[PDB]
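Visitor: Below you will find the structure I want to go over with you.
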Amino acid sequence: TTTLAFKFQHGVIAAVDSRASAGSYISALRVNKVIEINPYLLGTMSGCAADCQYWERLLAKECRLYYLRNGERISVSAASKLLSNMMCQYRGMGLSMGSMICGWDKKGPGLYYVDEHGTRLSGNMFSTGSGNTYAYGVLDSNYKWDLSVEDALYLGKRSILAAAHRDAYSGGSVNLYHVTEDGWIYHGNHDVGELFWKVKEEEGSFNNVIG
Amino acid sequence: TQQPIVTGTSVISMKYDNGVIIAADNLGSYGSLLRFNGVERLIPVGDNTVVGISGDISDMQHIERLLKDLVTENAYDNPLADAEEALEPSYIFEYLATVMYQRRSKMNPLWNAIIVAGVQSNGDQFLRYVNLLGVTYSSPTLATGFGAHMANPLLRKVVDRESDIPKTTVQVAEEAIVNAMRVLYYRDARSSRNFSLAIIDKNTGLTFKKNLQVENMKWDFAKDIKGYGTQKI
Amino acid sequence: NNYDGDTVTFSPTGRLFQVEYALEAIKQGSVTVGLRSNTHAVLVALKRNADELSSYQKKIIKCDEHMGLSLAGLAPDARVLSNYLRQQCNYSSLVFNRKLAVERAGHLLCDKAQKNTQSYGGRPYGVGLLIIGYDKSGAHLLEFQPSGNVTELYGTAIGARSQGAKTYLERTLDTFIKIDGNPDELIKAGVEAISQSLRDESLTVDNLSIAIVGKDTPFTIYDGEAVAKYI
Amino acid sequence: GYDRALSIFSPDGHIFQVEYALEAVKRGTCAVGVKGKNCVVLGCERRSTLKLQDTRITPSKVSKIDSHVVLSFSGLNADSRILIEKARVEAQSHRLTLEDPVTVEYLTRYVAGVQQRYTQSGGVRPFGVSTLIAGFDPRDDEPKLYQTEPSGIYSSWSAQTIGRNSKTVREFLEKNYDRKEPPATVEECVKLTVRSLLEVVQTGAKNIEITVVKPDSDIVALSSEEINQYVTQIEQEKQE
Amino acid sequence: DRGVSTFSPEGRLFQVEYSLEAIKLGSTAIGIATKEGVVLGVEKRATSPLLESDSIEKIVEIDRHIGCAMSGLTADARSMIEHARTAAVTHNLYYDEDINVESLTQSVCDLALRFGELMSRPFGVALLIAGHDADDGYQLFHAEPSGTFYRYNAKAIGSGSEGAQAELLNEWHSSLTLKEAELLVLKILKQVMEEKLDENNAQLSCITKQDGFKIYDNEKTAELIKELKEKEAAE
Amino acid sequence: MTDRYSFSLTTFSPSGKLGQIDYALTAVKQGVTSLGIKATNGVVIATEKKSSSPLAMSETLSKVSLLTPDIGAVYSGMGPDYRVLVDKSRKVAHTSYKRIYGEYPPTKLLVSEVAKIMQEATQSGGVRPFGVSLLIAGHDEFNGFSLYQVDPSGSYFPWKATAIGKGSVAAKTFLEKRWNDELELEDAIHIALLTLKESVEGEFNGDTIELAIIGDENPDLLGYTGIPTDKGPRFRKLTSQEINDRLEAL
Amino acid sequence: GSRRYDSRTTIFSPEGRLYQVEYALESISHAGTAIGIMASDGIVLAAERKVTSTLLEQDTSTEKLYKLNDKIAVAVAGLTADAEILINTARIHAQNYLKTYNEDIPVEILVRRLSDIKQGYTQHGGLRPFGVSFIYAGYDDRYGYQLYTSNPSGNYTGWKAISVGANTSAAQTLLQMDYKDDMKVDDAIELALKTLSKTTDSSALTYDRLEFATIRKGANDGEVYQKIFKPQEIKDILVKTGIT
Amino acid sequence: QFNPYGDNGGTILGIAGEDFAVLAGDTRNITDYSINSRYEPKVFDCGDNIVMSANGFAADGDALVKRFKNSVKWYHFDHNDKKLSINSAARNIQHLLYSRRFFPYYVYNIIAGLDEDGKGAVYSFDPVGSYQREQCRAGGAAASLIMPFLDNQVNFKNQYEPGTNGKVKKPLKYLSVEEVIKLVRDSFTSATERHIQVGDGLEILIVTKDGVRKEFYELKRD
Ligand SMILES: O=C(C[C@H](C(=O)O)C1CCCCC1)Nc1ccc2ccc(-c3nc(-c4ccccc4)cs3)cc2n1
Ligand SMILES: [Mg+2]
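Note that the protein sequences, when read in sequence, are chains Y, a, S, Q, R, O, P and Z.
Just so we're aligned, residue 1 is where the first sequence starts under the entry's author numbering, counting upward by one.
Just so we're aligned, residue 1 is where the second sequence starts under the entry's author numbering, counting upward by one.
Just so we're aligned, residue 3 is where the third sequence starts under the entry's author numbering, counting upward by one.
Just so we're aligned, residue 1 is where the fourth sequence starts under the entry's author numbering, counting upward by one.
According to the entry's author numbering, the fifth sequence holds residues 1 to 117, 125 to 242 in order.
Just so we're aligned, residue 1 is where the sixth sequence starts under the entry's author numbering, counting upward by one.
Just so we're aligned, residue 1 is where the seventh sequence starts under the entry's author numbering, counting upward by one.
Just so we're aligned, residue 1 is where the eighth sequence starts under the entry's author numbering, counting upward by one.
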């Protein structure tokens, strides 16, 4: 698995892979590792699929109830905290969940990392899963705040591709998302096999691989 | 979680054209010690069902009491207790299966393997298995423990699939069961010569045979076997 | 008088007034009829509306594929008792792979209602029920009173003006019991029975509610244009 | 446990215990709340039947629930402490779970909910307390003033009074307070709050307490001399 | 004294009947169901001119497809609304769909008779629950403290209810538009209210399939009031 | 079932009276007279053995009870209420003191514990107050000899000498004239016997009177030897013969 | 059932008063008068024992003045048994605070805690309230010397001088007349005894009918000392002030 | 020590068509190297045009199916006989599975039916409740043998159009029910050859707007 998310001038980008494995066997080529909590909130998935789905769909329940009670949309900070507090109850019981809560609120674009230990970190850039090291390399060397939406989408896409290539448990396809103040926008499913050959030619990268 | 102490070995059974047959030996083993020789492991419930139990005997005696209490409870405020609202084999089995799965789910199992044999109201044959894990399955032949490894192969030669059931008579089925019990006595170290056999027929009802013995055994060829290879004397 | 403040108090003549007052709530309720043959059992219920803008309160509740009832009195109490029946029918299926006998269902309702008549703090149920069903001993009809009394009958009626329908069924006893293998004729007899309890108002399309269960017929409820056939 | 239903309906559709709790509020000392353009002022009556009192240590009538919200009341004093404690706990509980301080509306809704719960729970009686809750929402410069009562209903007010002779001071506020142009400054808002209490109080000495709450957690309580200057100026204009 | 769950000699629960008297003292709330939507309107009834009327919240959102109006002891409604919102969202969690209006109403009514010696008394508030689902379309329910709920084409609750209900008897037909229903609620509210109806002491709302539940602005309602005055002066 | 009386049965009346406590005190007034006198080197407590029938063996009914080796008690009012209070008093001396500190409680603290039990019956749900007044005499190292009275309310007072029950008013007057701060134990016993004779109608002897003392340590009543610091109980119940001997010198 | 016999101790009257609290206050008005006076250099607690006997052991007796900790004491008016229940709870609370924060409990915090317990008995549980009124005399390093009172309603207030129990109306008038802010402990001692001597229902005020206590910074250097007066010491101060 | 879990073998396969869906599974039940039954049904009609199979530990599989069938029954009671949509059933099953997050149902579950637009639908679950909608899914013992074949013959993976040499993929043309059943039968016949736990019989449940139909085929019994 490889997931990432970063803040920038024009919101936040969220990119994930699509592979699921049972040992060496690839049990799924195309799983959705982004959860649509609400039209202004997203959540990545790494660790146990069941734990990520259950607790984040339950976070959505709680974020919706918030809106009904207060007539206002919940902040990214508060949503991330509610989630981290759920993890804190099954503390030590064996849950496995690593996610990044992406959204836009009154303070602008927001991004929090949350894991099963109850950890909750605010930051401009995060990446989780077995392939996060490969993604961080591409991100750290190409990231700017002055990024255009077009270039930013490509960065997160190219970063997943880097991990899908090297990490055996990462691959399948890339799912892209862009979060604006008017909500999140899905930017499609991109097969890694086709994307790889395309990027190699157009970029000139992956010279070591023959095509 | 426990361990079984006093145990009962194989229970074997099969369907035939008009009903079912079930059998089990009369031994209660204490490890390698053949401690109790008069143990009945086939327990009739009414005149249409026989429950055959293997594994822990103390848990068997507990199940025996649950079934006895089930009959008592079914008769309460039930004018048709000996007729339309009598206990069916399917009712008795599902009850036990519910109990077995609940007990394993509390990590405190009844250390048994059970076969419920009987005939339903509509004359249909009933034969289903359940064990300490709550695992259930049905087949034309069913056997527990060693019987699964040695008896089923012999009984499946008579009834290999569903279509063979109407072609199988009670004399043939009983002959196969009795032969299987002899084979288990030859080869199962926790078996006894003495056993019980029950037939539930849709016409002749429940026939319960006690104090049966394995007979017509072949041992004479043993006299010619000498040494373990090179010895002649 | 002095002995009607709670359910835990007998009167000097040995009466339980709170139970009798609960029985009174049934008499205020809208009429419902029950009757059976040897093959089928039928419920017929006159639904009541609040006004012309309002809907007609539902009277019949399904408990299982082979069992259900009609209500007269406090509707929320019928929901509680019908929920209990649904669970008991369901316990019998899941544990024993056995459809719950109608007679045993009556015994369970009796015992549940009884506990509310002997304890302090609680109250009796304020509803009467007519349970129909088809089990291993054929068709059945039961009448439930919140006193705890449950009775197996060929036919009956409860609610306001129910005495008219009950007399009709008492005359027709020998006829409708013989209506075997003919669901429509058995319903006709039920619709004709409930008609003996009507005054001023008549049976319209959104007024009438019918239910049936039988040998090869799951418990099904008929409302709206589905009962226009019988008007 | 003691489960007895004390708050119940009567034949005419009244819950007498809740209504008798309002009579306890009627007995309590007068409390008033007035919101200006950029502030809210809370005025409170102190009955002068009790002298030889130590005013340093005596429980003050206005209580801080958080750094940005205050609560005053009329009715049973002991009952008010329980509501204040619960409110203070909820304020910190909100900051801890949501990472924002409570809004004035939220805090009011919570206190009102506690009051309501005590009108249909077994073995308990209603709070004999009405509250005035005032403050400013985080990063907001719009004044907030709410009222609660034993039944559990709550609402927002441009200006409001509760307690004994509240009928009289509400009469004063209704004719003196203009919605189109509220007290533009702190002075005007305090002056109007003192004027309203002078209709009922008796002597303008130690009988009037004033607490000014401004935006961004700026809360201060006026002293005796500061209030006395308002009392002096009001009556000197009145002699005409 | 006497039990809280006691039956009267007539076969009614004393406490339930007494709570109905409290609802009669409440401010008027009216609901009208049409094939274009359901309209909900309420009398605010401010006790004083200093009370900021926009803080009076007697019309409430339960879900995007379900709205609710209240009359009686309005403080009692808060826990009922909380339960309704939880039930609606919980069902969406379990079944990935909107919940039926009837099922939501039934869930609220299950609380009603959970009182004894559970809560100590019945609720002293009635609710008009309006909404839309794919199975039964636009619906309006009246939820009482007895645990009973009736569906209605149109319904009025509160102090001016029997007068308003008689008026709704004559005016309602199956071909009403949404605009016609809006004016009809305003007309009947103006008739039964003590004070003169305006945008500040009365509130409108509606539920449509497209836009969901919406509370009307005071500017939007003011225009509908002006439109009402002119059409009544037209004959 | 379940105890559904979770509310107080003792409440304030408009006049500020707690009725059930007052009525409990009235029950104590009807009770047989008992008294206590404190000396310089001891304390004495006494009462009449009012036998309900001559066929009854009054020796089996003990009105004067040992609570600890150095503390004793007597009562006036309802006997059964006393008996259970003695059971609880004996137990609380162990659970709330001896099992913690390894020694028996001082008189005042055991009295405090008994008082608490009696106060709780005056406020707790579904109970009536105890219908007894207790006189508790005792000794401990740091406080010396002491005598306490405990009422149904749970209030307790230390006395030099006092009386409760039937003829308490007359007996307290009799004690005021005779008591001084220089009395020896034998003098206090003599005064106790004189005081008690006034309230007794019928037979007045060792078989109809119950009397005990808190005095010197009794090593003969300890039951074992070998530990110097353990010297025996200070509580001792006088025999029928021992009482009669002092009635000849009366 | 049981409902029949329930007095309903926690309900409002039609006028908005708590019946049992008002009746408990009526009980307290018959209790021995207790007075507290706060000075610049200390606090005085004086209290009258109720119609005693000559055979009562006074030197080991305590019905009015109790020690909560080294810095705080209370004077009692009402049911003594009820007061001891609350006193032991207050002693525990003070020790809980000391264990938690390693500092002596501020006076008001202790007073609020006890007053909250009293409040609870008026709002829930169906039990009768505690028929007790306290005068709290204490010291801490925030507010210095402090006097408080609490009553069965659970309401508490601070005072410069205050009385509880019998004849508080007469007693409060006398205190209000002669009290001044710059007063000292020795003067306050005299005022307390003079007030009791005029308000008492007894024929004459003697040592055996009094309990007395002071809280002074008259302890060697910056620290506070509690002095529960002995019978002989009460007899001496009565002669000194010129009452006997 | 007591092991509450077991492995009853078996293999299941779900394929979603354009306007239909199939859920197939072998009928062999086993423990270790023994056969318990040559015909023990594993795929069930649960009502509302939904089929289900919980493969793995048969005791947990029978319990889950039994509970879901019950959930359908109560959905009708509680929501006015409303039809339970396949997406709603899938979400419900997630919550049934996660109710045992710490003592899981040891089964891989698949359901099949039609969505609300009438198109074919398959949903696939893990033991703890992760689920997602899929086109093709093989579950159980021989899942790793079958899925690669389905990637190739259903989704035409690694297949390109002759002459272009890798430039143009093979177009994803829709499959008929008859074409799907062939791929199912060949999948199980191949699995039966190379996997000892697969054999005896094959039962297929086909779902269309007309209802649920069954088909049975013999497999090798060795
Ligand atoms: O997160 C991880 C694994 C970790 C990783 O690769 O870094 C591993 C590190 C290497 C050792 C093992 C752990 N896997 C994820 C992540 C997100 C996931 C999101 C959805 C799914 C879904 N799987 C089904 C599904 C699958 C198989 C069968 C049936 C259903 C449905 S949805 C699976 C997901 N699996
Ligand atoms: Mg094979």
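We treat Cβ as the ideally placed atom computed from N, Cα and C, and that holds for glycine.
Cβ closer than 8 Å: which chain P residues qualify as neighbours of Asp-8 of chain S?
Guide: Those within 8 Å of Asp-8 of chain S in chain P are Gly-1.
Visitor: Between the segment 40-59 of chain R and the segment 188-197 of chain R, are three or more C-beta pairs nearer than 8 Å?
Guide: At 8 Å Cβ cutoff, the stretches touch.
Visitor: Quick one: what's got a C-beta closer than 8 Å to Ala-173 of chain R's C-beta in the same chain, skipping five residues either side?
Guide: None.
Visitor: Mind pulling the chain Z residues with CB within less than 8 Å of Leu-96 of chain S?
Guide: By Cβ distance, chain Z contributes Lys-66 and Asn-70.
Visitor: Report the start-end ranges of each beta strand (DSSP E) in the segment 101-173 of chain O that is 3 residues or longer and not cut off at the edges.
Guide: Here the runs fully enclosed are 132-140, 144-150, 156-158 and 161-164.
Visitor: Rounded to whole angstroms, what is the Cα-Cα separation between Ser-176 of chain Z and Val-31 of chain Y?
Guide: Roughly 26 Å between the two C-alpha positions.
Visitor: Please list the terminal residues of the continuous beta strand (DSSP E) segment that includes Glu-45 of chain Q.
Guide: Residues 40-45.
Visitor: State yes or no: is the beta carbon of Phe-77 of chain Z nearer than 8 Å to at least one beta carbon in chain S?
Guide: Closer than 8 Å to some Cβ of chain S, the Cβ of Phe-77 of chain Z qualifies, so yes.
Visitor: Suppose only complete runs of 3+ residues qualify. What are the beta strand (DSSP E) ranges in the segment 41-121 of chain P, listed by chain order?
Guide: If we require 3 residues or more, the beta strand (DSSP E) runs fully inside the segment 41-121 of chain P come out as 42-48, 65-67 and 72-78.
Visitor: Between which two residues does the alpha helix (DSSP H) carrying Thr-195 of chain O extend?
Guide: Segment 185-199, the alpha helix (DSSP H) holding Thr-195 of chain O.
Visitor: Cβ-heavy atom distance between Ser-192 of chain a and ligand 1 below 7 Å?
Guide: The answer is no for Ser-192 of chain a.
Visitor: Just verifying my parser: in three-state terms, what is the DSSP assignment at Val-215 of chain S?
Guide: In the structure shown, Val-215 of chain S sits in a strand (DSSP, three-state: E or B).
Visitor: Give the straight-line distance between the Cα atoms of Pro-220 of chain S and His-42 of chain S, rounded to the nearest whole angstrom.
Guide: Answer to the nearest angstrom: the Cα atoms are 10 Å apart.
Visitor: Quick check on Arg-81 of chain S - is its C-beta less than 8 Å from some C-beta in chain Z?
Guide: No, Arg-81 of chain S lies away from the interface with chain Z (no Cβ there is under 8 Å from its Cβ).
Visitor: How big is the Cα-Cα spacing for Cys-30 of chain Q and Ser-166 of chain Q?
Guide: Cα to Cα, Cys-30 of chain Q sits roughly 6 Å from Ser-166 of chain Q.
Visitor: Residues of chain a with CB closer than 7 Å to the CB of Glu-203 of chain Z, please, in chain order.
Guide: By Cβ distance, chain a contributes nothing, its closest Cβ being about 14 Å from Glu-203 of chain Z, past 7 Å.
Visitor: Is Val-97 of chain S a contact residue of ligand 2, with contact defined as CB to any heavy atom under 7 Å?
Guide: Not so, every heavy atom of ligand 2 lies at least 7 Å from the Cβ.
Visitor: Can you list, in chain order, the residues of its chain whose CB lies under 6 Å from that of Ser-60 of chain Q, leaving out five sequence neighbours each side?
Guide: Counting only Cβ-Cβ distances below 6 Å, and skipping sequence neighbours, we find nothing.
Visitor: My output table needs one value for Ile-227 of chain O: the three-state DSSP class, helix, strand or coil.
Guide: Here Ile-227 of chain O sits in coil by DSSP.
Visitor: Please decide whether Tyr-23 of chain S counts as near chain P, where near means a Cβ-Cβ distance under 8 Å.
Guide: No, its Cβ sits nowhere closer than 8 Å to a Cβ of chain P.
Visitor: From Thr-164 of chain Z to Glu-36 of chain R, what does the alpha carbon distance come to, in whole angstroms?
Guide: Spanning the two alpha carbons is a distance of roughly 57 Å.
Visitor: Three Cβ pairs or more, each shorter than 8 Å: is that satisfied between the segment 223-237 of chain Q and the segment 87-100 of chain R?
Guide: Judged by Cβ distances under 8 Å, the segment 223-237 of chain Q makes no contact with the segment 87-100 of chain R, as fewer than three pairs qualify.
Visitor: Rank a:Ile-115, a:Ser-139 and a:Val-119 by C-alpha distance to the C-alpha of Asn-131 of chain a and give the top, closest one.
Guide: Comparing Cα-Cα distances from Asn-131 of chain a to each of a:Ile-115, a:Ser-139 and a:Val-119, the minimum goes to a:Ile-115.
Visitor: Determine the direct distance from the alpha carbon of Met-45 of chain Y to that of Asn-100 of chain R, and round the result to whole angstroms.
Guide: Distance between the alpha carbons of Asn-100 of chain R and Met-45 of chain Y is about 32 Å.
Visitor: Quick check for students: name the residue ranges of the beta strand (DSSP E) that lie wholly in the segment 46-120 of chain Z, counting only runs of 3 or more.
Guide: If we require 3 residues or more, the beta strand (DSSP E) runs fully inside the segment 46-120 of chain Z come out as 50-56 and 107-114.
Visitor: Can you list, in chain order, the residues of its chain with a C-beta nearer than 6 Å to that of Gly-75 of chain S? Leave out the 5 residues immediately preceding and following it.
Guide: Cβ within range, chain order: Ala-27, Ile-28, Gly-31, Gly-128, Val-129 and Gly-130.
Visitor: Give the residues from the segment 165-182 of chain R that approach chain S closer than 8 Å (Cβ to any Cβ), ordered along the chain.
Guide: Cβ contacts with chain S: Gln-172, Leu-175, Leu-176 and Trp-179.
Visitor: Using a Cβ-Cβ cut-off of less than 7 Å, list which residues of the segment 44-65 of chain R approach chain Y; keep chain order.
Guide: Taking 7 Å as the Cβ-Cβ cut-off against chain Y, the residues of the segment 44-65 of chain R that qualify are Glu-61.
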